[PDB]
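> Sequence plus experimental coordinates follow:
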Amino acid sequence: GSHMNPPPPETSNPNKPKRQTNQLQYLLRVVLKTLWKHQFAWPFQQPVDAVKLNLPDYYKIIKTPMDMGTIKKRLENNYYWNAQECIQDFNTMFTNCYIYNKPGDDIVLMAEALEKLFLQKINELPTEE
Ligand SMILES: COc1cc(Br)ccc1CO
């Protein structure tokens, strides 16, 4: 895309050790699947394109970008060692939205709806085994 957007977060690196866990499987099959199909998922399904959205300060403010397009890739092409890394990615995505935008803005209400669903699913994250 545009040279004025940063490269996306890393999704492939052979030097990072990888592992499947039952918790990572649940994050893909239950958590990502549930959030991806939510009515309010679409702004979160790919990196923020600050050029297209005319947000020239976005990547001045947000230095830890994350989105569910990247998380989907990290899950589908097993990037992670543990579920905590993937849960942190989700939490980063939500916090980016809450830091950049005014409380009560549409995009914040959308993120908050996804986060409510996310928390319900993470409360049932299975015991690792
Ligand atoms: C996911 O972040 C988005 C998405 C849309 Br659409 C509009 C603005 C922002 C910045 O928070």
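Looks like it came in fine. Numbering: from 1, shown residues only.

> make it CA atoms for all contacts and neighbour counts henceforth
Will do.

> Enumerate the residues of this structure near the ligand.
43, 44, 48, 97, 100, 101 (CA under 6 Å from any ligand atom).

> Does residue 48 fall in a helix, a strand, or a coil region?
For residue 48, the secondary-structure state derived from DSSP: H, G, I helix; E, B strand; the rest coil is coil.

> Would you convert the residues of the chain next to the ligand into a markdown table that also reports neighbour count and secondary structure?
Below are these laid out as a markdown table (neighbours: other CA atoms under 10 Å; DSSP: H, G, I helix; E, B strand; the rest coil):
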| residue | neighbour count | secondary structure |
| --- | --- | --- |
| 43 | 14 | helix |
| 44 | 22 | helix |
| 48 | 19 | coil |
| 97 | 22 | helix |
| 100 | 14 | helix |
| 101 | 12 | coil |
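
> Burial check on residue 107, number of neighbours?
When counting by other CA atoms under 10 Å, one arrives at 17 neighbours for residue 107.

> re the thing from before, out of the residues of the chain next to the ligand, which is nearest to residue 112?
If you rank these by distance to residue 112 using CA to CA, residue 97 comes first, at 9.4 Å.

> Would you agree the closest one is in contact with residue 110?
No. Counting by CA atoms under 8 Å, residue 97 does not reach residue 110; the two are 9.6 Å apart.

> sorry, back to before: specify which member of the residues of the chain next to the ligand is nearest to residue 126.
Of all the residues of the chain next to the ligand, residue 126 sits closest to residue 44, with 25.2 Å by CA to CA.

> Contact partners for that closest one?
Contact analysis of residue 44 by CA atoms under 8 Å, 6 or more residues apart in numbering lists 67, 68, 69.

> Export the helix or strand where the last one lies to CSV, keeping only CA atoms.
Going back to what we said before, that points to residue 69. Per DSSP states H and E, residue 69 falls inside helix 68-76. Extracted in CSV, the C-alpha atoms of helix 68-76 (Å, rounded to 0.1, in the frame of the first residue of the first chain):
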residue,chain,number,x,y,z
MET,A,68,-7.7,-8.7,13.7
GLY,A,69,-6.4,-9.2,10.1
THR,A,70,-2.9,-9.5,11.6
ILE,A,71,-4.1,-11.6,14.5
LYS,A,72,-6.0,-13.9,12.0
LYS,A,73,-2.7,-14.4,10.1
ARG,A,74,-0.7,-15.0,13.2
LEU,A,75,-3.2,-17.6,14.3
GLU,A,76,-3.7,-19.3,10.9
